[PDB]
There are 2 protein chains.
Amino acid sequence: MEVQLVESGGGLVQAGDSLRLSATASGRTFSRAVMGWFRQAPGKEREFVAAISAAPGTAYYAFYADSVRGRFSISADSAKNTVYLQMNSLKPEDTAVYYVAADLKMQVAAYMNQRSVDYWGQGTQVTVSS
Amino acid sequence: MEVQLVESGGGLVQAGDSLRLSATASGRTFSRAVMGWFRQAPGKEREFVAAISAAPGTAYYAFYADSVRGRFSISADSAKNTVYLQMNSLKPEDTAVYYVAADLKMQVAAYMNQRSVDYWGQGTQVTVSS
């Protein structure tokens, strides 16, 4: 089986800055799953960040965790089987390994429990210094 | 919630060589979950390597993927809440990011479906040189 999920982006930024993550999924996984982002801060379990689900036509439904609401924007492009996370007004508290996630059972973007995730990316470090 | 699983060890070895990896689990997960190891080779999805029965102290079952049978061995140290993956007679085809995993819905070592895994480690690169 070929790798389902591959993240790109990540790196070192300063407080206030923006950084974009993206991830590709195989066509089958992309079309069959609610796609999401998680983050694992130092010493902590991976926590839900945002999710996005396809709706009829060009439509998408998006759902964000309270901690990142407003500051982050999630999006997807089915022509490229890619999901994007644009992070803005980044703070030290946002420092983490960020993971893309796919849940094949969910149909509509909602809070995703990490324990229910079917496929994960390899993780990508984002560091925000004061 | 604290991180549940943390790998240690890894690197580059030569074909024919050996390497043991370790991972710490929280007290709760060590007691309650089947723990195991997966690996993700470049461009391939993560595949099952080995599993050990929940709460492995005095006695446990161990179970292995056919590809690593006899060469690989899994074990534990209950006193340090640690699981080990011993890899003998390493081959270039064993090159991968290796991940520890735990499944709270399993009690006896067995094939672990990546889709059912509750908690994941961060992964560690193991390269086997030709």
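We name chains A, B, ... by the order of the sequence lines, and we start the count at 1 in each one. Keep in mind that the numbers below use all heavy atoms, side chains included, and drop hydrogens, waters and symmetry copies.
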Do [X] and [Y] sit in one hydrophobic cluster, given that two such residues count as connected whenever their side-chain heavy atoms are within less than 4.5 Å of each other, even indirectly?
X: A:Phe72; Y: A:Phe38; answer: no
X: B:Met35; Y: B:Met106; answer: no
X: B:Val49; Y: B:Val83; answer: yes

Could you check whether atom OH of B:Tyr61 has more than 12 heavy atoms from other residues, nucleotides or ligands sitting under 6.0 Å from it?
no
Does CZ belonging to A:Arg28 count more than 12 external heavy atoms closer than 6.0 Å?
no
Do side-chain atoms of A:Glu45 reach the backbone of B:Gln4 as a donor and acceptor pair under 3.5 angstrom?
yes
How many angstroms lie between [atom1] in [X] and [atom2] in [Y], if you round to the nearest 0.5 Å?
X: A:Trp120; Y: B:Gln40; atom1: CH2; atom2: CD; answer: 13.0 Å
X: B:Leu104; Y: A:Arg115; atom1: CG; atom2: CZ; answer: 5.0 Å
X: A:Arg46; Y: B:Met1; atom1: CZ; atom2: CE; answer: 10.5 Å

So which part of B:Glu47 gets closer than 4.5 Å to some heavy atom of chain A, the side chain, the backbone, both or neither?
neither
Please state whether the side chain, the backbone, both or neither of A:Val117 comes within less than 4.5 Å of a heavy atom of chain B.
backbone
